[PDB]
Amino acid sequence: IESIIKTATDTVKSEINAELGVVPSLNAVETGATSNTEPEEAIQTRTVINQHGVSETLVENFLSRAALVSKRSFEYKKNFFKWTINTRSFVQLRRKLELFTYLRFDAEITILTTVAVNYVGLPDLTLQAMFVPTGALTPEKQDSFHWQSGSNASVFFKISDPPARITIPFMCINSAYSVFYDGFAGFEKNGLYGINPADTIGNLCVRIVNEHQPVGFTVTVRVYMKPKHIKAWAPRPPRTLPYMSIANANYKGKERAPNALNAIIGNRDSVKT
Amino acid sequence: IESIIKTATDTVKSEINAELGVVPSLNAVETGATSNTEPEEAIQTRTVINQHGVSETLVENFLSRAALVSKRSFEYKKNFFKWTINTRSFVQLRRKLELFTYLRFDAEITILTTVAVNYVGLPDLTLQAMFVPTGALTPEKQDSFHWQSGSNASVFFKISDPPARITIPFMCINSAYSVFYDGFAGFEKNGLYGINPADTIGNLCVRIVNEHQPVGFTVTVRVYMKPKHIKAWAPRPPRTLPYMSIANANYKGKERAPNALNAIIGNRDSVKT
Amino acid sequence: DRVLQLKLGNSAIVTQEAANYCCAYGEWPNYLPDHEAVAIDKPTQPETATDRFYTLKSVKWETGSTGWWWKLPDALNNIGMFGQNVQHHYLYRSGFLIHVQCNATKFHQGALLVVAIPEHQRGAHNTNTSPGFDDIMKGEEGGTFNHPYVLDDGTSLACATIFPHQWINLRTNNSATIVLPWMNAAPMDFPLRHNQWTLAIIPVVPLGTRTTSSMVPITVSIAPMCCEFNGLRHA
Amino acid sequence: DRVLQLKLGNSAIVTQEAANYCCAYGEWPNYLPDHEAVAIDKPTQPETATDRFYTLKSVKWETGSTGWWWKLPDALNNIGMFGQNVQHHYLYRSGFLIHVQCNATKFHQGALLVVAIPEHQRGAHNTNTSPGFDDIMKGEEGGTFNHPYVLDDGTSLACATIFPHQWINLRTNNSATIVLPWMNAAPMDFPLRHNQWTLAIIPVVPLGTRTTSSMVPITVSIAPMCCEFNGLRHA
Amino acid sequence: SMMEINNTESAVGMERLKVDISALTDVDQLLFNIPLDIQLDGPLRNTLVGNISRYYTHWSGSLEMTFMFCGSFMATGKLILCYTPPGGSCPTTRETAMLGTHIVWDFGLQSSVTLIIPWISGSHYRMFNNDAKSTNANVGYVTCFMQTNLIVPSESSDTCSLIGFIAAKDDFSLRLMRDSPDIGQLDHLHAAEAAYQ
Amino acid sequence: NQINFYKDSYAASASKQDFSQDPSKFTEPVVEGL
Amino acid sequence: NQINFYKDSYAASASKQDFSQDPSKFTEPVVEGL
């Protein structure tokens, strides 16, 4: 049953056995169960005290790293940055979230920015990141009136400073995020497969505050995300074939034996090699 | 036996001796032992209280200094930096580790960087150091996809800031690092002498994040290492002849009497000089 | 204090004139405790036919001689029931006992430094190529030092008393006896690729007399004690 | 009662349909007590790498087949670490465990008598010359009975149930398992000249079916338990 | 979780998961062998113990392998499943392969067996190294022989099958998380710029 | 020694003190015990 | 007064409080005392 495990288990001394009516090594996997043959009952062992800690394979250690979610470069001479939030854009963060079905965490977002004026040096600049939820009106110009909003959460930072960090709580209307969704989105007969409306967060708009001067720029924005306080349910098998798009889970397969469609593991000469 | 020594020892008053059957000054070094003639038994002494502390010759004071392990300069107009980790590159850190056989410590690594654009001034730059373990795939280009990894430990820093510092724990699979290894590495008949696979750490890849602009650069990287929490076993004699390579312990010797092959100590005119 | 007798198994060695025997770093060999074991098979502890004195081949000491060495796990890999347990098993753990014998008359002189070196990573002279499987791994016979003054790796001989050692001074004694424990970073080790210790005897003061010209050989005995093996294989 | 699992050393044998295993004369193997020992050296008791199941070569069972035999100290004199302790030592003392495996379908028939005979002094037919070192002492392969009806020595087969034995009836089971103790007049014995036991399997009812013509092999495993050796030699 | 023993070419699809055994005419014959290399491209890369433990670089514990026989009810036979420690080369005949850790299995009412691969090592851990013949990375060889024959009647199919499972025990351990060597393509995917209006 | 002066509870650090574990839901999911 | 707010124990400073010493393993390695 439920028990607190701090380190790995240990082995106790084994004697010879010639018992009738008892077979440890036989079982039946047709029941759906997993084998329970202790090594004490298959070979002759000694007694070994074990000090190996298992604290690194936790779920909160396996997940909580800073991974890139967005990268986009805009020139300044649509003059700003707008990104509808998803976690399906980069394939190395994605495959680690595809192991579970439900997730419940608190993110921690870092906006890192660098510039390259195209006098090759540069004066100081000032940025603005604004978190527009769903429903609210998004700007469409650098100096739109939607940037004067006191209600949307904004943050100002400079190029010369350490990067900006905030934290965002658990935002869903259910009790967990659905990584997978086997349903439709609308009440009509023809909607969009594979998305739920219970997981849509909104936009994130980034501009640069300084007025265009004599010289044009090139601004490159990176956004990182680190989960915190993670709870996870229902593990799943990992994705093997490469991804093809974002809105679904299509598959194409590579042409030659490693990760092909009819072969995941590359070929061998014969079985008795 | 084992005892706690804080300061050096003291001397007690001596009288005249004409004892028969007792000789302090005679011994036999054929037993492999060391002499134990107290100065109280060889000359006539006075009583001297001694306050000289011995706390500076500790092993953790003899070793734990910041020593240079790497220095390499790359031009930016293979566009980045890659170094398979060893401590045999610079001969002044090396000779202090060659005194012991086994070591167990926790390092503390400082990456110090400076640049020289070849407008002679410069704007702000941003770096990235990534610690690739053994087995993992190393990048081969500045903008490769291996830099988006959330799993490898990375760190971002600027030129204008204080340098970066991290710490790295004891990483070996044994209980100590083997400075020397009198064996081979593989199960085949012909492997590589003098290296063990239990001590191989991996790569350390450093790039610069900013896109190439109008002007080319020249970046110079230095890496320092300070051991901490040192335990040391089995002292050895020091290296006298100069080093010749990294993968082994060959010796060549200088041409003339100081540190030559047939003479370590320089010559004298006669024995009765 | 001079007279001494060792016995291990069905072997025994008797000497009359010998200085005391030293233990390397104050230790004595023993078995592996429960809180340090890793492999979970029961070890094979034979405790007889692997705890004997195995003598090597004697070497002749002359005036132009310059030193000899041996590798202690490797010198016994084809001798007796130690060499048969090593080939069938995958891991071992043991400690040794060395005994060096060299005698002469009242009119000879000379001195030998009998030293035991852990992890003696050798080096070749005046080249960049590392030594291979040849020029190391000589079973039951040992190489001769090319440059014994620098121990054939660059470190000086004048500080080689930091290792466990004794002296054979022909004026005083004719025997030297050293006890070595298990010394490695790991609890067990593969015996056919890695060698822990390295016995090496070096004539500092060369011999000399005016009586006659006669042979004077040097003989080495090794006794592995408290050995145990694990991981059974085929060959 | 049918299902059974043995384990000795790093070996294990699993069967589902087998009648009970018998102990020869109610005994179980053990070490040598103090009040019965004669030789005064400490014995070598390895207790692992000599207490395993060593399988022999399988023989094919056909309609004209007539029986097979083996000699139990002699069949293991070049197998593993049992065959290496035997060649270096002069005396031994052990007890064995036999396990015979032969299976077929629901449509086959047949029966095997698996018997174990102490001191089976053979005899040649229709001559006066005794058999020599040839025609006995076949290692790891066994001779075929020429006249199995009289056990190739004159005594009848119809009273061979007085020895410890089991049956392999293909209607009922497919396995037979016998445990044998040390049985000799002396406490130890020289293993390269004298053989205590003699395993022998004899097809009484020959097999037969009308489905197809397919091979049916028979396999024998032997496990020496509680073995100990004495009197170390060179080869 | 099952594994691709039959990863040879001209085996399309999910026929790569089982191995075919059949009757034969010689006394003893080899059936298959498994290279125990998680890091390299082997049969163990696509399992649950394979995909999860490639994110880490040190591993320590025991393993187990479970074989299910999928023949008919009228079919009998025996097998032997041995494991050899990594000192030498792969065993060829049954005479040099019985000396390792083996199990001998009879095809009975219940149709699974379990072969424990014990943790035999000098050090405390092992590494996922790129060299197969390193001393801290080479694990051993698992191989299977025929004890007796595979015997079927005239009405059953001659070719029976085996399915191979693998999992870990309760003392398995992992350390020093890294990046996975599996995903290595850099292909640009559709509808990426749709979020970037 | 953790430290936060923020009024919200989700602003804190992570925690690695959750060593509870029930492995016998994936390995032994059956009803009747063997 | 040492100070660390990191959760890992290897992140701390050094320590110079280890004055234990056994010199008679290198200088007197023999068995029979003189």
# chains A, B, ... in the order shown; residues from 1 in each chain; ligands from 1
$ closest_atom_pairs --of "chain A" --to "chain B" --cutoff "12 Å" --atoms "only C-alpha atoms" --output "tab-separated table"
residue	atom	partner	partner_atom	distance
A:61	CA	B:151	CA	10.7
A:62	CA	B:151	CA	8.9
A:63	CA	B:151	CA	9.0
A:64	CA	B:150	CA	9.4
A:65	CA	B:150	CA	6.0
A:66	CA	B:150	CA	5.6
A:67	CA	B:150	CA	4.3
A:68	CA	B:148	CA	6.3
A:69	CA	B:148	CA	9.2
A:70	CA	B:148	CA	10.3
A:71	CA	B:148	CA	10.3
A:73	CA	B:211	CA	10.8
A:89	CA	B:148	CA	11.6
A:90	CA	B:148	CA	8.3
A:91	CA	B:148	CA	9.3
A:92	CA	B:149	CA	6.5
A:93	CA	B:150	CA	6.9
A:94	CA	B:150	CA	10.7
A:95	CA	B:150	CA	11.5
A:96	CA	B:151	CA	10.0
A:112	CA	B:156	CA	9.8
A:113	CA	B:126	CA	9.6
A:114	CA	B:210	CA	6.9
A:115	CA	B:210	CA	7.6
A:116	CA	B:213	CA	6.7
A:117	CA	B:213	CA	8.0
A:118	CA	B:213	CA	7.4
A:119	CA	B:119	CA	6.5
A:120	CA	B:119	CA	7.1
A:121	CA	B:123	CA	5.1
A:122	CA	B:123	CA	6.2
A:123	CA	B:123	CA	8.6
A:124	CA	B:123	CA	10.1
A:125	CA	B:124	CA	12.0
A:159	CA	B:124	CA	8.6
A:160	CA	B:124	CA	7.5
A:161	CA	B:161	CA	9.6
A:162	CA	B:157	CA	9.1
A:163	CA	B:156	CA	10.3
A:217	CA	B:213	CA	11.2
A:218	CA	B:211	CA	9.7
A:219	CA	B:210	CA	10.2
A:220	CA	B:210	CA	8.8
A:221	CA	B:210	CA	11.1
A:222	CA	B:148	CA	10.6
A:223	CA	B:148	CA	11.3
A:224	CA	B:150	CA	9.3
A:225	CA	B:150	CA	9.5
A:226	CA	B:150	CA	9.3
A:227	CA	B:150	CA	11.7
$ residues_around --residues "residue 11 (chain G)" --least-positions-apart "6" --cutoff "10 Å" --atoms "only C-alpha atoms" --output "PyMOL selection string"
(chain B and resi 106-108+166-169+228) or (chain G and resi 4-5)
$ interface_residues --of "chain G" --to "chain C" --cutoff "9 Å" --atoms "only C-alpha atoms" --output "list in words"
residues 24, 25, 26, 28, 29, 30, 31 and 32 of chain G
$ write_last_selection --atoms "N, CA and C atoms" --output "PDB file, in the first residue's frame"
ATOM      1  N   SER G  24      51.592   8.641  12.749  1.00  0.00           N
ATOM      2  CA  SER G  24      52.332   7.392  12.901  1.00  0.00           C
ATOM      3  C   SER G  24      51.737   6.275  12.054  1.00  0.00           C
ATOM      4  N   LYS G  25      51.510   6.578  10.789  1.00  0.00           N
ATOM      5  CA  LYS G  25      51.206   5.595   9.766  1.00  0.00           C
ATOM      6  C   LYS G  25      52.204   5.644   8.639  1.00  0.00           C
ATOM      7  N   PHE G  26      52.869   6.777   8.477  1.00  0.00           N
ATOM      8  CA  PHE G  26      53.911   6.973   7.492  1.00  0.00           C
ATOM      9  C   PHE G  26      55.294   6.861   8.110  1.00  0.00           C
ATOM     10  N   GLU G  28      56.027   5.359  11.402  1.00  0.00           N
ATOM     11  CA  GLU G  28      56.204   4.090  12.108  1.00  0.00           C
ATOM     12  C   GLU G  28      55.237   3.065  11.540  1.00  0.00           C
ATOM     13  N   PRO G  29      55.525   2.504  10.365  1.00  0.00           N
ATOM     14  CA  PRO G  29      54.600   1.542   9.762  1.00  0.00           C
ATOM     15  C   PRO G  29      54.800   0.105  10.212  1.00  0.00           C
ATOM     16  N   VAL G  30      55.813  -0.176  11.030  1.00  0.00           N
ATOM     17  CA  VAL G  30      56.192  -1.542  11.384  1.00  0.00           C
ATOM     18  C   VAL G  30      55.202  -2.152  12.367  1.00  0.00           C
ATOM     19  N   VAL G  31      55.332  -3.455  12.606  1.00  0.00           N
ATOM     20  CA  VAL G  31      54.442  -4.183  13.504  1.00  0.00           C
ATOM     21  C   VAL G  31      55.010  -4.210  14.914  1.00  0.00           C
ATOM     22  N   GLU G  32      56.185  -4.809  15.065  1.00  0.00           N
ATOM     23  CA  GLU G  32      56.813  -4.916  16.374  1.00  0.00           C
ATOM     24  C   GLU G  32      57.354  -3.560  16.799  1.00  0.00           C
TER      25      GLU G  32
END
$ calpha_fit_and_write --fixed "chain G" --moving "chain F" --output "mmCIF file with N, CA and C atoms, in the first residue's frame"
data_model
loop_
_atom_site.group_PDB
_atom_site.id
_atom_site.type_symbol
_atom_site.label_atom_id
_atom_site.label_comp_id
_atom_site.auth_asym_id
_atom_site.auth_seq_id
_atom_site.Cartn_x
_atom_site.Cartn_y
_atom_site.Cartn_z
ATOM 1 N N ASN F 1 30.454 33.322 11.241
ATOM 2 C CA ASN F 1 29.035 33.089 11.020
ATOM 3 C C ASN F 1 28.758 32.704 9.573
ATOM 4 N N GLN F 2 28.694 31.403 9.302
ATOM 5 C CA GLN F 2 28.411 30.928 7.955
ATOM 6 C C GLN F 2 26.953 31.195 7.587
ATOM 7 N N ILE F 3 26.694 31.241 6.283
ATOM 8 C CA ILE F 3 25.377 31.598 5.764
ATOM 9 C C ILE F 3 25.122 30.944 4.408
ATOM 10 N N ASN F 4 24.015 30.209 4.294
ATOM 11 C CA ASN F 4 23.553 29.716 2.998
ATOM 12 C C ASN F 4 22.046 29.533 3.033
ATOM 13 N N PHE F 5 21.381 29.954 1.970
ATOM 14 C CA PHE F 5 19.958 29.736 1.826
ATOM 15 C C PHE F 5 19.647 28.754 0.713
ATOM 16 N N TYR F 6 20.624 27.957 0.300
ATOM 17 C CA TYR F 6 20.397 26.983 -0.752
ATOM 18 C C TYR F 6 19.959 25.654 -0.156
ATOM 19 N N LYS F 7 19.163 24.907 -0.918
ATOM 20 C CA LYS F 7 18.569 23.689 -0.384
ATOM 21 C C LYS F 7 19.554 22.531 -0.392
ATOM 22 N N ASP F 8 20.637 22.651 -1.151
ATOM 23 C CA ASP F 8 21.595 21.565 -1.288
ATOM 24 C C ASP F 8 22.751 21.754 -0.317
ATOM 25 N N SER F 9 23.291 20.647 0.184
ATOM 26 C CA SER F 9 24.287 20.733 1.246
ATOM 27 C C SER F 9 25.693 20.904 0.695
ATOM 28 N N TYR F 10 25.891 20.639 -0.594
ATOM 29 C CA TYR F 10 27.223 20.776 -1.164
ATOM 30 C C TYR F 10 27.477 22.203 -1.619
ATOM 31 N N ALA F 11 26.500 23.077 -1.440
ATOM 32 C CA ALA F 11 26.624 24.461 -1.849
ATOM 33 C C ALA F 11 27.258 25.337 -0.789
ATOM 34 N N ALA F 12 27.638 24.779 0.353
ATOM 35 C CA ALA F 12 28.077 25.586 1.477
ATOM 36 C C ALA F 12 29.518 26.041 1.287
ATOM 37 N N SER F 13 30.048 26.713 2.299
ATOM 38 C CA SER F 13 31.433 27.138 2.268
ATOM 39 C C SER F 13 32.345 25.984 2.657
ATOM 40 N N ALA F 14 33.642 26.258 2.665
ATOM 41 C CA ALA F 14 34.583 25.289 3.190
ATOM 42 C C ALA F 14 34.559 25.318 4.719
ATOM 43 N N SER F 15 35.300 24.397 5.328
ATOM 44 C CA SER F 15 35.435 24.339 6.778
ATOM 45 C C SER F 15 36.875 24.015 7.139
ATOM 46 N N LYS F 16 37.403 24.692 8.150
ATOM 47 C CA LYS F 16 38.783 24.509 8.581
ATOM 48 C C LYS F 16 38.857 24.078 10.038
ATOM 49 N N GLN F 17 37.993 23.153 10.438
ATOM 50 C CA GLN F 17 37.911 22.741 11.830
ATOM 51 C C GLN F 17 38.379 21.308 12.035
ATOM 52 N N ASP F 18 39.121 20.748 11.089
ATOM 53 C CA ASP F 18 39.470 19.330 11.129
ATOM 54 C C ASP F 18 40.937 19.200 11.517
ATOM 55 N N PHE F 19 41.205 19.215 12.819
ATOM 56 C CA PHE F 19 42.569 19.187 13.320
ATOM 57 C C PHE F 19 43.007 17.810 13.781
ATOM 58 N N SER F 20 42.230 16.775 13.497
ATOM 59 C CA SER F 20 42.656 15.425 13.820
ATOM 60 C C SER F 20 43.820 15.023 12.930
ATOM 61 N N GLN F 21 44.678 14.161 13.461
ATOM 62 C CA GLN F 21 45.962 13.893 12.830
ATOM 63 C C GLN F 21 46.526 12.602 13.391
ATOM 64 N N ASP F 22 46.974 11.718 12.506
ATOM 65 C CA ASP F 22 47.600 10.455 12.884
ATOM 66 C C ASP F 22 48.892 10.350 12.090
ATOM 67 N N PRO F 23 49.993 10.889 12.611
ATOM 68 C CA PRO F 23 51.237 10.879 11.839
ATOM 69 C C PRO F 23 51.939 9.543 11.839
ATOM 70 N N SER F 24 51.592 8.641 12.749
ATOM 71 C CA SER F 24 52.332 7.392 12.901
ATOM 72 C C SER F 24 51.737 6.275 12.054
ATOM 73 N N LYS F 25 51.510 6.578 10.789
ATOM 74 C CA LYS F 25 51.206 5.595 9.767
ATOM 75 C C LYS F 25 52.204 5.644 8.639
ATOM 76 N N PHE F 26 52.869 6.777 8.477
ATOM 77 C CA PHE F 26 53.911 6.973 7.493
ATOM 78 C C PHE F 26 55.294 6.861 8.110
ATOM 79 N N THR F 27 55.440 7.255 9.375
ATOM 80 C CA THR F 27 56.727 7.279 10.055
ATOM 81 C C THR F 27 57.030 6.000 10.815
ATOM 82 N N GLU F 28 56.027 5.359 11.402
ATOM 83 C CA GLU F 28 56.203 4.090 12.108
ATOM 84 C C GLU F 28 55.237 3.065 11.540
ATOM 85 N N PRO F 29 55.525 2.504 10.365
ATOM 86 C CA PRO F 29 54.600 1.542 9.762
ATOM 87 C C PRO F 29 54.800 0.106 10.212
ATOM 88 N N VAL F 30 55.813 -0.176 11.030
ATOM 89 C CA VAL F 30 56.192 -1.542 11.384
ATOM 90 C C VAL F 30 55.202 -2.152 12.367
ATOM 91 N N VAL F 31 55.332 -3.455 12.606
ATOM 92 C CA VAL F 31 54.442 -4.183 13.504
ATOM 93 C C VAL F 31 55.010 -4.210 14.914
ATOM 94 N N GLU F 32 56.185 -4.809 15.065
ATOM 95 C CA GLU F 32 56.813 -4.916 16.374
ATOM 96 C C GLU F 32 57.354 -3.560 16.798
ATOM 97 N N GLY F 33 56.886 -3.077 17.945
ATOM 98 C CA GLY F 33 57.318 -1.778 18.426
ATOM 99 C C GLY F 33 58.749 -1.830 18.927
ATOM 100 N N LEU F 34 59.492 -0.769 18.637
ATOM 101 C CA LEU F 34 60.923 -0.703 18.912
ATOM 102 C C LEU F 34 61.265 -0.717 20.402
#
$ closest_atom_pairs --of "chain A" --to "chain D" --cutoff "8 Å" --atoms "only C-alpha atoms" --output "JSON lines"
{"residue": "A:16", "atom": "CA", "partner": "D:8", "partner_atom": "CA", "distance": 6.0}
{"residue": "A:17", "atom": "CA", "partner": "D:7", "partner_atom": "CA", "distance": 5.6}
{"residue": "A:18", "atom": "CA", "partner": "D:6", "partner_atom": "CA", "distance": 4.7}
{"residue": "A:19", "atom": "CA", "partner": "D:5", "partner_atom": "CA", "distance": 6.6}
{"residue": "A:20", "atom": "CA", "partner": "D:4", "partner_atom": "CA", "distance": 4.9}
{"residue": "A:21", "atom": "CA", "partner": "D:1", "partner_atom": "CA", "distance": 5.1}
{"residue": "A:22", "atom": "CA", "partner": "D:4", "partner_atom": "CA", "distance": 6.2}
{"residue": "A:23", "atom": "CA", "partner": "D:5", "partner_atom": "CA", "distance": 5.6}
{"residue": "A:24", "atom": "CA", "partner": "D:5", "partner_atom": "CA", "distance": 8.0}
{"residue": "A:25", "atom": "CA", "partner": "D:14", "partner_atom": "CA", "distance": 7.7}
{"residue": "A:26", "atom": "CA", "partner": "D:14", "partner_atom": "CA", "distance": 7.9}
{"residue": "A:42", "atom": "CA", "partner": "D:12", "partner_atom": "CA", "distance": 7.0}
{"residue": "A:43", "atom": "CA", "partner": "D:10", "partner_atom": "CA", "distance": 4.9}
{"residue": "A:44", "atom": "CA", "partner": "D:9", "partner_atom": "CA", "distance": 5.7}
$ residues_around --residues "residue 111 (chain C)" --least-positions-apart "5" --cutoff "8 Å" --atoms "only C-alpha atoms" --output "ChimeraX atom specification"
/C:167-170,203-207
$ write_last_selection --atoms "N, CA and C atoms" --output "PDB file, in the first residue's frame"
ATOM      1  N   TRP C 167      64.390  -2.071   3.315  1.00  0.00           N
ATOM      2  CA  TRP C 167      65.727  -2.098   2.747  1.00  0.00           C
ATOM      3  C   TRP C 167      66.330  -3.474   2.955  1.00  0.00           C
ATOM      4  N   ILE C 168      67.127  -3.927   1.995  1.00  0.00           N
ATOM      5  CA  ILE C 168      67.932  -5.121   2.211  1.00  0.00           C
ATOM      6  C   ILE C 168      69.391  -4.708   2.183  1.00  0.00           C
ATOM      7  N   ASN C 169      69.976  -4.554   3.357  1.00  0.00           N
ATOM      8  CA  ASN C 169      71.377  -4.200   3.483  1.00  0.00           C
ATOM      9  C   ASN C 169      72.141  -5.477   3.793  1.00  0.00           C
ATOM     10  N   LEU C 170      73.066  -5.860   2.908  1.00  0.00           N
ATOM     11  CA  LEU C 170      73.757  -7.138   3.050  1.00  0.00           C
ATOM     12  C   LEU C 170      74.698  -7.163   4.239  1.00  0.00           C
ATOM     13  N   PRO C 203      68.628  -1.618  -7.060  1.00  0.00           N
ATOM     14  CA  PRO C 203      69.923  -1.614  -6.376  1.00  0.00           C
ATOM     15  C   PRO C 203      70.554  -0.236  -6.307  1.00  0.00           C
ATOM     16  N   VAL C 204      70.524   0.373  -5.126  1.00  0.00           N
ATOM     17  CA  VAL C 204      71.119   1.693  -4.966  1.00  0.00           C
ATOM     18  C   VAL C 204      72.636   1.597  -4.931  1.00  0.00           C
ATOM     19  N   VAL C 205      73.172   0.883  -3.949  1.00  0.00           N
ATOM     20  CA  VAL C 205      74.611   0.669  -3.833  1.00  0.00           C
ATOM     21  C   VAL C 205      74.939  -0.645  -4.533  1.00  0.00           C
ATOM     22  N   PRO C 206      75.729  -0.636  -5.598  1.00  0.00           N
ATOM     23  CA  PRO C 206      76.008  -1.883  -6.311  1.00  0.00           C
ATOM     24  C   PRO C 206      76.938  -2.764  -5.508  1.00  0.00           C
ATOM     25  N   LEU C 207      76.866  -4.061  -5.767  1.00  0.00           N
ATOM     26  CA  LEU C 207      77.650  -4.983  -4.968  1.00  0.00           C
ATOM     27  C   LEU C 207      79.110  -5.003  -5.403  1.00  0.00           C
TER      28      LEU C 207
END
$ select_by_dssp --residues "region 93-133 of chain A" --states "alpha helix (DSSP H)" --output "PyMOL selection string"
chain A and resi 93-97
$ write_last_selection --atoms "N, CA and C atoms" --output "mmCIF file, in the first residue's frame"
data_model
loop_
_atom_site.group_PDB
_atom_site.id
_atom_site.type_symbol
_atom_site.label_atom_id
_atom_site.label_comp_id
_atom_site.auth_asym_id
_atom_site.auth_seq_id
_atom_site.Cartn_x
_atom_site.Cartn_y
_atom_site.Cartn_z
ATOM 1 N N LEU A 93 10.419 20.608 -25.145
ATOM 2 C CA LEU A 93 9.523 20.757 -24.003
ATOM 3 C C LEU A 93 8.270 19.925 -24.184
ATOM 4 N N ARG A 94 7.792 19.827 -25.427
ATOM 5 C CA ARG A 94 6.508 19.203 -25.714
ATOM 6 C C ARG A 94 6.510 17.732 -25.346
ATOM 7 N N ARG A 95 7.548 17.001 -25.767
ATOM 8 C CA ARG A 95 7.614 15.556 -25.577
ATOM 9 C C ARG A 95 7.681 15.169 -24.104
ATOM 10 N N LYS A 96 8.193 16.047 -23.244
ATOM 11 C CA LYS A 96 8.165 15.770 -21.814
ATOM 12 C C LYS A 96 6.807 16.023 -21.183
ATOM 13 N N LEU A 97 5.961 16.849 -21.786
ATOM 14 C CA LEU A 97 4.602 16.990 -21.287
ATOM 15 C C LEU A 97 3.658 15.950 -21.860
#
$ residues_around --residues "residue 78 (chain A)" --least-positions-apart "5" --cutoff "9 Å" --atoms "only C-alpha atoms" --output "PyMOL selection string"
(chain A and resi 140-142) or (chain E and resi 197)
$ write_last_selection --atoms "C-alpha atoms" --output "CSV table (one decimal), in the first residue's frame"
chain,number,residue,atom,x,y,z
A,140,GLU,CA,-2.8,46.5,-33.5
A,141,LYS,CA,-0.3,49.3,-33.6
A,142,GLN,CA,2.8,50.4,-31.5
E,197,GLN,CA,0.1,37.5,-36.6
$ residues_around --residues "residue 127 (chain C)" --least-positions-apart "2" --cutoff "8 Å" --atoms "only C-alpha atoms" --output "compact mmCIF listing (two decimals) with N, CA and C atoms, in the first residue's frame"
# COMPACT_ATOMS: atom_id res chain seq x y z
N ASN B 250 54.85 10.85 -20.34
CA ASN B 250 56.18 10.76 -20.93
C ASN B 250 57.12 11.79 -20.32
N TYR B 251 58.40 11.64 -20.62
CA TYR B 251 59.40 12.53 -20.06
C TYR B 251 60.55 12.69 -21.04
N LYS B 252 61.05 13.90 -21.14
CA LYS B 252 62.11 14.27 -22.07
C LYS B 252 63.34 14.84 -21.38
N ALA C 124 56.74 6.37 -21.35
CA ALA C 124 57.81 6.13 -22.30
C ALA C 124 58.68 7.37 -22.42
N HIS C 125 59.92 7.15 -22.84
CA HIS C 125 60.92 8.20 -22.90
C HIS C 125 61.00 8.80 -24.29
N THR C 129 53.88 8.81 -28.13
CA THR C 129 53.00 7.66 -28.13
C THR C 129 52.95 7.01 -26.75
$ closest_atom_pairs --of "chain D" --to "chain E" --cutoff "9 Å" --atoms "only C-alpha atoms" --output "Markdown table"
| residue | atom | partner | partner_atom | distance |
| --- | --- | --- | --- | --- |
| D:9 | CA | E:101 | CA | 8.8 |
| D:10 | CA | E:101 | CA | 5.2 |
| D:11 | CA | E:102 | CA | 5.5 |
| D:12 | CA | E:103 | CA | 5.1 |
| D:13 | CA | E:104 | CA | 4.9 |
| D:14 | CA | E:105 | CA | 5.4 |
| D:15 | CA | E:106 | CA | 5.4 |
| D:16 | CA | E:108 | CA | 5.7 |
| D:17 | CA | E:108 | CA | 7.5 |
| D:49 | CA | E:99 | CA | 8.6 |
| D:52 | CA | E:99 | CA | 8.5 |
| D:53 | CA | E:98 | CA | 8.3 |
| D:54 | CA | E:98 | CA | 6.9 |
| D:55 | CA | E:98 | CA | 7.3 |
| D:56 | CA | E:95 | CA | 8.2 |
| D:57 | CA | E:27 | CA | 8.1 |
| D:58 | CA | E:27 | CA | 6.3 |
| D:59 | CA | E:27 | CA | 7.2 |
| D:60 | CA | E:27 | CA | 7.3 |
| D:79 | CA | E:95 | CA | 8.8 |
| D:80 | CA | E:99 | CA | 7.3 |
| D:101 | CA | E:148 | CA | 8.0 |
| D:102 | CA | E:148 | CA | 7.3 |
| D:103 | CA | E:77 | CA | 6.8 |
| D:104 | CA | E:151 | CA | 6.6 |
| D:105 | CA | E:76 | CA | 6.5 |
| D:106 | CA | E:74 | CA | 7.0 |
| D:107 | CA | E:153 | CA | 7.9 |
| D:211 | CA | E:154 | CA | 5.7 |
| D:212 | CA | E:154 | CA | 6.7 |
| D:214 | CA | E:151 | CA | 7.4 |
| D:215 | CA | E:25 | CA | 6.5 |
| D:216 | CA | E:149 | CA | 6.4 |
| D:217 | CA | E:148 | CA | 5.7 |
| D:218 | CA | E:148 | CA | 6.9 |
| D:219 | CA | E:148 | CA | 7.1 |
